[PDB]
Each structure stands twice: as structure tokens, then as C-alpha cells.
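Below is the file start36.txt, which contains compact mmCIF, N, CA and C atoms.
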```txt
# COMPACT_ATOMS: atom_id res chain seq x y z
N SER A 22 0.81 -1.23 0.00
CA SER A 22 0.00 0.00 0.00
C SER A 22 0.84 1.26 0.00
N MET A 23 0.15 2.37 -0.24
CA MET A 23 0.78 3.64 -0.16
C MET A 23 1.08 3.94 1.31
N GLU A 24 0.22 3.50 2.25
CA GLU A 24 0.47 3.81 3.68
C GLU A 24 1.79 3.09 4.13
N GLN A 25 1.94 1.82 3.74
CA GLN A 25 3.10 1.03 4.18
C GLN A 25 4.34 1.72 3.71
N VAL A 26 4.32 2.24 2.49
CA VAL A 26 5.46 3.01 1.94
C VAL A 26 5.79 4.30 2.72
N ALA A 27 4.72 5.04 3.07
CA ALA A 27 4.81 6.31 3.87
C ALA A 27 5.47 5.97 5.21
N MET A 28 5.00 4.86 5.81
CA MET A 28 5.52 4.36 7.10
C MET A 28 7.04 4.02 6.97
N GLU A 29 7.37 3.27 5.91
CA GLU A 29 8.73 2.94 5.60
C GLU A 29 9.63 4.16 5.36
N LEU A 30 9.11 5.23 4.74
CA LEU A 30 9.87 6.45 4.57
C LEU A 30 10.18 7.15 5.93
N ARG A 31 9.17 7.21 6.81
CA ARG A 31 9.29 7.68 8.23
C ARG A 31 10.41 6.91 8.94
N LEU A 32 10.38 5.59 8.85
CA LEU A 32 11.40 4.74 9.51
C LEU A 32 12.79 5.04 8.93
N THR A 33 12.87 5.24 7.62
CA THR A 33 14.11 5.51 7.00
C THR A 33 14.65 6.83 7.45
N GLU A 34 13.75 7.78 7.63
CA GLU A 34 14.20 9.08 8.06
C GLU A 34 14.61 9.02 9.57
N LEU A 35 13.90 8.23 10.33
CA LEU A 35 14.25 8.04 11.80
C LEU A 35 15.64 7.42 11.87
N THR A 36 15.89 6.44 10.97
CA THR A 36 17.16 5.76 10.91
C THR A 36 18.25 6.72 10.55
N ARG A 37 17.96 7.67 9.63
CA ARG A 37 18.89 8.70 9.26
C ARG A 37 19.22 9.59 10.45
N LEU A 38 18.19 10.00 11.16
CA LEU A 38 18.41 10.86 12.34
C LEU A 38 19.21 10.10 13.43
N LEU A 39 18.76 8.89 13.75
CA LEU A 39 19.48 8.04 14.76
C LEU A 39 20.90 7.71 14.36
N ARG A 40 21.18 7.58 13.06
CA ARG A 40 22.56 7.41 12.64
C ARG A 40 23.42 8.59 13.00
N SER A 41 22.95 9.82 12.78
CA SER A 41 23.66 11.02 13.14
C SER A 41 23.83 11.10 14.70
N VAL A 42 22.73 10.82 15.42
CA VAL A 42 22.77 10.71 16.93
C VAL A 42 23.86 9.73 17.34
N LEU A 43 23.88 8.57 16.71
CA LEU A 43 24.87 7.54 17.13
C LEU A 43 26.27 8.03 16.89
N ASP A 44 26.50 8.76 15.77
CA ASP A 44 27.81 9.22 15.48
C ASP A 44 28.26 10.26 16.46
N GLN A 45 27.34 11.11 16.85
CA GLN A 45 27.59 12.14 17.84
C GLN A 45 27.90 11.50 19.23
N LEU A 46 27.14 10.47 19.60
CA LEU A 46 27.40 9.81 20.90
C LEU A 46 28.74 9.10 20.89
N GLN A 47 29.04 8.40 19.81
CA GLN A 47 30.29 7.67 19.69
C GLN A 47 31.53 8.60 19.66
N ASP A 48 31.38 9.82 19.15
CA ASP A 48 32.47 10.82 19.29
C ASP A 48 32.81 11.20 20.71
N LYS A 49 31.85 11.07 21.62
CA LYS A 49 32.08 11.29 23.02
C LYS A 49 32.83 10.15 23.71
N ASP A 50 33.28 9.16 22.92
CA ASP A 50 34.06 7.97 23.43
C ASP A 50 35.32 7.89 22.65
N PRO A 51 36.20 8.90 22.87
CA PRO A 51 37.35 8.89 21.97
C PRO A 51 38.33 7.76 22.21
N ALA A 52 38.30 7.20 23.41
CA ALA A 52 39.16 6.07 23.72
C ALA A 52 38.67 4.72 23.11
N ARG A 53 37.46 4.74 22.53
CA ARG A 53 36.83 3.56 21.94
C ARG A 53 36.58 2.43 22.96
N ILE A 54 36.32 2.82 24.21
CA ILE A 54 36.06 1.86 25.23
C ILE A 54 34.76 1.11 25.00
N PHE A 55 33.82 1.77 24.32
CA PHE A 55 32.46 1.22 24.13
C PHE A 55 32.19 0.83 22.67
N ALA A 56 33.24 0.80 21.87
CA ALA A 56 33.09 0.51 20.46
C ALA A 56 32.68 -0.86 20.07
N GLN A 57 33.11 -1.86 20.87
CA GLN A 57 32.89 -3.25 20.51
C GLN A 57 32.39 -4.04 21.72
N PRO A 58 31.73 -5.17 21.51
CA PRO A 58 31.40 -6.03 22.65
C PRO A 58 32.49 -6.39 23.54
N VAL A 59 32.22 -6.44 24.83
CA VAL A 59 33.20 -6.97 25.78
C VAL A 59 33.52 -8.41 25.29
N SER A 60 34.82 -8.71 25.13
CA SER A 60 35.29 -10.02 24.64
C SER A 60 35.08 -11.16 25.71
N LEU A 61 34.37 -12.22 25.32
CA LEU A 61 34.10 -13.31 26.21
C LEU A 61 35.31 -14.21 26.25
N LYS A 62 36.21 -14.08 25.25
CA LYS A 62 37.53 -14.77 25.38
C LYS A 62 38.34 -14.16 26.47
N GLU A 63 38.38 -12.82 26.55
CA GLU A 63 39.15 -12.04 27.55
C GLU A 63 38.49 -11.79 28.93
N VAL A 64 37.14 -11.80 28.95
CA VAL A 64 36.38 -11.70 30.19
C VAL A 64 35.39 -12.87 30.19
N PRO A 65 35.90 -14.09 30.48
CA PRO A 65 35.06 -15.25 30.29
C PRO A 65 33.82 -15.31 31.22
N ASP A 66 33.86 -14.65 32.37
CA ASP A 66 32.73 -14.64 33.31
C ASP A 66 31.72 -13.51 33.01
N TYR A 67 31.87 -12.76 31.91
CA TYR A 67 31.12 -11.50 31.81
C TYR A 67 29.60 -11.72 31.95
N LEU A 68 29.09 -12.74 31.32
CA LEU A 68 27.66 -12.96 31.26
C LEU A 68 27.11 -13.42 32.60
N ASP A 69 27.98 -13.84 33.52
CA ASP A 69 27.55 -14.08 34.88
C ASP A 69 27.23 -12.78 35.61
N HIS A 70 27.78 -11.65 35.14
CA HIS A 70 27.59 -10.36 35.75
C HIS A 70 26.56 -9.54 34.96
N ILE A 71 26.67 -9.48 33.67
CA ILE A 71 25.90 -8.63 32.82
C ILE A 71 25.03 -9.48 31.89
N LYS A 72 23.71 -9.31 32.11
CA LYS A 72 22.79 -10.16 31.37
C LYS A 72 22.38 -9.68 29.99
N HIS A 73 22.53 -8.37 29.69
CA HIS A 73 22.24 -7.83 28.42
C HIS A 73 23.42 -6.90 27.97
N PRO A 74 24.47 -7.52 27.48
CA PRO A 74 25.61 -6.74 26.96
C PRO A 74 25.22 -5.80 25.82
N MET A 75 25.93 -4.66 25.69
CA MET A 75 25.66 -3.77 24.60
C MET A 75 26.93 -2.99 24.31
N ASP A 76 27.02 -2.52 23.10
CA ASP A 76 28.17 -1.71 22.63
C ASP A 76 27.77 -0.95 21.34
N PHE A 77 28.60 -0.03 20.89
CA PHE A 77 28.24 0.75 19.76
C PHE A 77 28.20 -0.04 18.43
N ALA A 78 29.05 -1.05 18.24
CA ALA A 78 28.96 -1.80 16.99
C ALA A 78 27.65 -2.59 16.89
N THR A 79 27.21 -3.11 18.02
CA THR A 79 25.97 -3.91 18.08
C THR A 79 24.82 -2.95 17.78
N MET A 80 24.84 -1.73 18.33
CA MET A 80 23.74 -0.73 18.08
C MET A 80 23.73 -0.40 16.61
N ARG A 81 24.91 -0.26 16.01
CA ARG A 81 24.98 0.09 14.61
C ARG A 81 24.39 -0.99 13.72
N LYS A 82 24.58 -2.25 14.07
CA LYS A 82 24.03 -3.37 13.26
C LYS A 82 22.51 -3.27 13.33
N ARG A 83 21.98 -3.08 14.53
CA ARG A 83 20.53 -2.91 14.70
C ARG A 83 20.03 -1.68 13.93
N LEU A 84 20.69 -0.57 14.07
CA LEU A 84 20.29 0.62 13.36
C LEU A 84 20.18 0.37 11.83
N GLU A 85 21.18 -0.27 11.26
CA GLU A 85 21.26 -0.38 9.78
C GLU A 85 20.28 -1.40 9.24
N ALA A 86 19.81 -2.30 10.08
CA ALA A 86 18.69 -3.14 9.78
C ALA A 86 17.34 -2.42 10.05
N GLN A 87 17.37 -1.09 10.25
CA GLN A 87 16.16 -0.38 10.74
C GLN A 87 15.39 -1.04 11.90
N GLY A 88 16.16 -1.50 12.90
CA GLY A 88 15.65 -2.21 14.02
C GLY A 88 15.26 -1.34 15.21
N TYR A 89 15.46 -0.02 15.10
CA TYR A 89 14.94 0.88 16.14
C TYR A 89 13.60 1.50 15.64
N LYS A 90 12.55 1.20 16.33
CA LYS A 90 11.21 1.78 15.92
C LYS A 90 10.97 3.22 16.37
N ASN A 91 11.58 3.61 17.49
CA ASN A 91 11.43 4.94 18.04
C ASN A 91 12.73 5.25 18.81
N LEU A 92 12.91 6.50 19.19
CA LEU A 92 14.08 6.95 19.96
C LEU A 92 14.17 6.24 21.31
N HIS A 93 13.07 5.94 21.97
CA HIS A 93 13.09 5.24 23.27
C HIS A 93 13.87 3.92 23.21
N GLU A 94 13.63 3.12 22.19
CA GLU A 94 14.36 1.86 22.01
C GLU A 94 15.89 2.08 21.84
N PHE A 95 16.28 3.09 21.09
CA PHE A 95 17.65 3.51 20.85
C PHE A 95 18.27 3.93 22.18
N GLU A 96 17.59 4.77 22.91
CA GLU A 96 18.10 5.19 24.21
C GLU A 96 18.25 4.06 25.21
N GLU A 97 17.34 3.10 25.17
CA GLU A 97 17.47 1.93 26.00
C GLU A 97 18.84 1.25 25.80
N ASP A 98 19.22 1.06 24.54
CA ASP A 98 20.51 0.40 24.18
C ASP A 98 21.66 1.31 24.69
N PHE A 99 21.57 2.60 24.46
CA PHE A 99 22.68 3.47 24.91
C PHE A 99 22.85 3.43 26.44
N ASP A 100 21.74 3.41 27.16
CA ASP A 100 21.77 3.34 28.59
C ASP A 100 22.37 2.00 29.05
N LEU A 101 22.15 0.91 28.30
CA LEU A 101 22.74 -0.37 28.67
C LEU A 101 24.28 -0.31 28.63
N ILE A 102 24.79 0.34 27.60
CA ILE A 102 26.25 0.48 27.50
C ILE A 102 26.80 1.08 28.79
N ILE A 103 26.17 2.17 29.23
CA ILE A 103 26.66 2.95 30.37
C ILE A 103 26.44 2.16 31.67
N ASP A 104 25.19 1.66 31.83
CA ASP A 104 24.83 1.04 33.09
C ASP A 104 25.60 -0.28 33.27
N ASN A 105 25.83 -1.05 32.21
CA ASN A 105 26.58 -2.34 32.29
C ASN A 105 28.00 -2.00 32.84
N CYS A 106 28.59 -0.98 32.23
CA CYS A 106 29.95 -0.59 32.62
C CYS A 106 30.07 -0.17 34.03
N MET A 107 29.13 0.63 34.53
CA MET A 107 29.15 1.18 35.85
C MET A 107 28.90 0.09 36.93
N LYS A 108 28.31 -1.02 36.51
CA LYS A 108 28.15 -2.14 37.42
C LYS A 108 29.41 -3.06 37.43
N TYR A 109 29.87 -3.44 36.28
CA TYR A 109 31.01 -4.37 36.16
C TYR A 109 32.30 -3.79 36.69
N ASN A 110 32.48 -2.51 36.40
CA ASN A 110 33.74 -1.85 36.76
C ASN A 110 33.59 -1.02 37.99
N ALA A 111 34.60 -0.94 38.88
CA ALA A 111 34.57 -0.12 40.02
C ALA A 111 34.71 1.36 39.72
N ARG A 112 34.27 2.17 40.64
CA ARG A 112 34.34 3.62 40.53
C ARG A 112 35.68 4.19 40.19
N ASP A 113 36.75 3.59 40.68
CA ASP A 113 38.11 4.12 40.47
C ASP A 113 38.82 3.59 39.19
N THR A 114 38.05 3.28 38.17
CA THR A 114 38.62 2.71 36.97
C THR A 114 38.41 3.64 35.79
N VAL A 115 39.32 3.52 34.82
CA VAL A 115 39.18 4.30 33.61
C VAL A 115 37.88 3.95 32.86
N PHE A 116 37.44 2.69 33.02
CA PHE A 116 36.20 2.27 32.38
C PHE A 116 34.99 2.95 32.98
N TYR A 117 34.83 2.88 34.29
CA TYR A 117 33.71 3.55 34.97
C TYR A 117 33.69 5.03 34.60
N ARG A 118 34.88 5.64 34.69
CA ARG A 118 34.99 7.09 34.47
C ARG A 118 34.57 7.46 33.03
N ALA A 119 34.96 6.61 32.09
CA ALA A 119 34.58 6.84 30.71
C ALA A 119 33.07 6.79 30.53
N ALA A 120 32.41 5.86 31.22
CA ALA A 120 30.96 5.78 31.15
C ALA A 120 30.29 7.00 31.71
N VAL A 121 30.78 7.50 32.86
CA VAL A 121 30.18 8.71 33.46
C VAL A 121 30.26 9.90 32.43
N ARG A 122 31.42 10.04 31.80
CA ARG A 122 31.64 11.16 30.88
C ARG A 122 30.78 11.00 29.64
N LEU A 123 30.63 9.77 29.16
CA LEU A 123 29.71 9.50 28.04
C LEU A 123 28.27 9.80 28.34
N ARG A 124 27.82 9.41 29.51
CA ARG A 124 26.49 9.70 29.99
C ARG A 124 26.27 11.23 30.02
N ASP A 125 27.22 11.92 30.62
CA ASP A 125 27.05 13.35 30.84
C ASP A 125 27.03 14.08 29.52
N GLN A 126 27.99 13.76 28.67
CA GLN A 126 28.09 14.41 27.36
C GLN A 126 27.01 14.00 26.38
N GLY A 127 26.52 12.78 26.50
CA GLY A 127 25.47 12.26 25.61
C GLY A 127 24.13 12.90 25.86
N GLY A 128 23.89 13.33 27.10
CA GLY A 128 22.61 13.92 27.55
C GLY A 128 22.18 15.07 26.67
N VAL A 129 23.13 15.93 26.34
CA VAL A 129 22.93 17.11 25.48
C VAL A 129 22.40 16.73 24.09
N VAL A 130 23.03 15.70 23.51
CA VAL A 130 22.74 15.19 22.18
C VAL A 130 21.36 14.57 22.19
N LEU A 131 21.10 13.74 23.18
CA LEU A 131 19.81 13.05 23.33
C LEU A 131 18.62 14.00 23.64
N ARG A 132 18.87 15.04 24.42
CA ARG A 132 17.91 16.10 24.63
C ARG A 132 17.42 16.72 23.30
N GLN A 133 18.33 17.09 22.37
CA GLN A 133 17.89 17.70 21.15
C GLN A 133 17.27 16.66 20.18
N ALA A 134 17.79 15.44 20.20
CA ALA A 134 17.24 14.39 19.41
C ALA A 134 15.76 14.18 19.73
N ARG A 135 15.39 14.21 21.00
CA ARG A 135 14.00 13.99 21.37
C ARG A 135 13.09 15.13 20.85
N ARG A 136 13.59 16.35 20.93
CA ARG A 136 12.91 17.51 20.39
C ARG A 136 12.73 17.35 18.86
N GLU A 137 13.80 16.95 18.14
CA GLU A 137 13.78 16.74 16.68
C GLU A 137 12.81 15.64 16.27
N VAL A 138 12.82 14.56 17.02
CA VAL A 138 11.91 13.45 16.74
C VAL A 138 10.43 13.82 16.91
N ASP A 139 10.10 14.47 18.02
CA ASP A 139 8.75 15.06 18.25
C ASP A 139 8.39 16.13 17.21
N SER A 140 9.32 17.07 16.99
CA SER A 140 9.13 18.17 16.03
C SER A 140 8.83 17.64 14.61
N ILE A 141 9.79 16.95 13.99
CA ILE A 141 9.58 16.32 12.66
C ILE A 141 8.52 15.20 12.63
N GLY A 142 8.09 14.70 13.80
CA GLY A 142 7.04 13.67 13.89
C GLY A 142 7.63 12.29 13.69
```
Since I need it in another form, could you write the structure as C-alpha cells?
Amino acid sequence: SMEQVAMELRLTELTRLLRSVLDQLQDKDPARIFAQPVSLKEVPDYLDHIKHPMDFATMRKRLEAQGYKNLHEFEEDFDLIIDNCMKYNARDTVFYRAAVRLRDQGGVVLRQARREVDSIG
């Protein structure tokens, strides 16, 4: 139908916006601490601690499959990156600290994204 196509164009445009959001968030991780999944070869117990792992490459795969229906789902994944890190790693670690800075700096980007998503519909 014409409606299904209109819907698909909306999703494509959401994907376009979320791609720019993702690039902006990932720039706030210059050390690339959150770029890839935590390695289960190198941290063999990880899944005993963290039940829903997340990272920026995994978000990107979902994004490019148009697997985010709305900004809320996208933010859920971003929050997992931060919250998983802050649990697994202690406060006095470069990892924990990187997550805090990503959270703080990402807030600004996500604030305007929500306005853009509501505004453009």
C-alpha cells in the first residue's frame, strides 16, 4: 500500500536521524572503550555479571537493519552500554569514568534528538 510506503519512509528518516545521533554519541568515546562487545575470550565470566551486553557496533548493526522503531528503544541500548559498565567496573577505573563522561556528554545530544523526533514527527 501507499500507507506502508509512507511508514517505511518515516522509519528511513528516523534511521537517518538516529545514525547522526549515534555518530555524535560515539564521538564522546574517543578512547573507543564502548566501540565493541566486551570479549568473552578475555572476560570469560562476563555474562555471569551482565545479562544484556551492549556496545556501539551492536547498536549500529541494529540501526542499519532499521531495528529501532522509536528513539526510546535507541536510548534503552545506549543506557545499557553505560549502566553495564558502571556495574562491572569499580568507581576508580578508567572504564567507569569513561561511562560517566559519556552519559554526561550524551545527555545534550539526546535532549535535542527527542525535540527533533517530536518536532519532525
Worksheet entry | Close residues, region 74-83 of chain A itself excluded, 10 Å, only C-alpha atoms, min 6 positions apart in chain, as a list in words |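 Listed by chain and then number, they are residues 39, 40, 43, 44, 46, 47, 50, 53, 54, 55, 56, 57, 58, 59, 67, 68, 89, 95, 98, 99, 100, 101, 102, 103, 104, 105 and 106 of chain A.
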Go ahead and save the residues from that selection, with N, CA and C atoms, as a tab-separated table (two decimals), in the coordinates of the input.
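Here's the written file result-v3.tsv:
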```tsv
chain	number	residue	atom	x	y	z
A	39	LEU	N	18.76	8.89	13.75
A	39	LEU	CA	19.48	8.04	14.76
A	39	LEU	C	20.90	7.71	14.36
A	40	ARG	N	21.18	7.58	13.06
A	40	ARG	CA	22.56	7.41	12.64
A	40	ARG	C	23.42	8.59	13.00
A	43	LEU	N	23.88	8.57	16.71
A	43	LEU	CA	24.87	7.54	17.13
A	43	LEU	C	26.27	8.03	16.89
A	44	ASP	N	26.50	8.76	15.77
A	44	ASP	CA	27.81	9.22	15.48
A	44	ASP	C	28.26	10.26	16.46
A	46	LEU	N	27.14	10.47	19.60
A	46	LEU	CA	27.40	9.81	20.90
A	46	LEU	C	28.74	9.10	20.89
A	47	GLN	N	29.04	8.40	19.81
A	47	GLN	CA	30.29	7.67	19.69
A	47	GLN	C	31.53	8.60	19.66
A	50	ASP	N	33.28	9.16	22.92
A	50	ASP	CA	34.06	7.97	23.43
A	50	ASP	C	35.32	7.89	22.65
A	53	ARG	N	37.46	4.74	22.53
A	53	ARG	CA	36.83	3.56	21.94
A	53	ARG	C	36.58	2.43	22.96
A	54	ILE	N	36.32	2.82	24.21
A	54	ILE	CA	36.06	1.86	25.23
A	54	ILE	C	34.76	1.11	25.00
A	55	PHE	N	33.82	1.77	24.32
A	55	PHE	CA	32.46	1.22	24.13
A	55	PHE	C	32.19	0.83	22.67
A	56	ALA	N	33.24	0.80	21.87
A	56	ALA	CA	33.09	0.51	20.46
A	56	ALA	C	32.68	-0.86	20.07
A	57	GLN	N	33.11	-1.86	20.87
A	57	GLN	CA	32.89	-3.25	20.51
A	57	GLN	C	32.39	-4.04	21.72
A	58	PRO	N	31.73	-5.17	21.51
A	58	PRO	CA	31.40	-6.03	22.65
A	58	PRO	C	32.49	-6.39	23.54
A	59	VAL	N	32.22	-6.44	24.83
A	59	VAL	CA	33.20	-6.97	25.78
A	59	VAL	C	33.52	-8.41	25.29
A	67	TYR	N	31.87	-12.76	31.91
A	67	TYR	CA	31.12	-11.50	31.81
A	67	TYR	C	29.60	-11.72	31.95
A	68	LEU	N	29.09	-12.74	31.32
A	68	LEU	CA	27.66	-12.96	31.26
A	68	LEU	C	27.11	-13.42	32.60
A	89	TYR	N	15.46	-0.02	15.10
A	89	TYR	CA	14.94	0.88	16.14
A	89	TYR	C	13.60	1.50	15.64
A	95	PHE	N	16.28	3.09	21.09
A	95	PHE	CA	17.65	3.51	20.85
A	95	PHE	C	18.27	3.93	22.18
A	98	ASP	N	19.22	1.06	24.54
A	98	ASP	CA	20.51	0.40	24.18
A	98	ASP	C	21.66	1.31	24.69
A	99	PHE	N	21.57	2.60	24.46
A	99	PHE	CA	22.68	3.47	24.91
A	99	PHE	C	22.85	3.43	26.44
A	100	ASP	N	21.74	3.41	27.16
A	100	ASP	CA	21.77	3.34	28.59
A	100	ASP	C	22.37	2.00	29.05
A	101	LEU	N	22.15	0.91	28.30
A	101	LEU	CA	22.74	-0.37	28.67
A	101	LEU	C	24.28	-0.31	28.63
A	102	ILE	N	24.79	0.34	27.60
A	102	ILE	CA	26.25	0.48	27.50
A	102	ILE	C	26.80	1.08	28.79
A	103	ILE	N	26.17	2.17	29.23
A	103	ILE	CA	26.66	2.95	30.37
A	103	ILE	C	26.44	2.16	31.67
A	104	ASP	N	25.19	1.66	31.83
A	104	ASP	CA	24.83	1.04	33.09
A	104	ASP	C	25.60	-0.28	33.27
A	105	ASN	N	25.83	-1.05	32.21
A	105	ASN	CA	26.58	-2.34	32.29
A	105	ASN	C	28.00	-2.00	32.84
A	106	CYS	N	28.59	-0.98	32.23
A	106	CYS	CA	29.95	-0.59	32.62
A	106	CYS	C	30.07	-0.17	34.03
```
Worksheet item: Interatomic distance between atom N of residue 38 (chain A) and atom N of residue 119 (chain A)?
Response: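 Between these atoms lies a distance of 27.0 Å.
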Practice prompt. Run DSSP on the backbone and give me the residues of chain A it puts in alpha helix (DSSP H), as a ChimeraX atom specification.
Written response: /A:23-48,67-70,77-85,92-109,115-141
Worksheet item: CA of residue 61 (chain A) to CA of residue 107 (chain A): how many Å, to one decimal?
Response: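 CA of residue 107 (chain A) lies 18.1 Å from CA of residue 61 (chain A).
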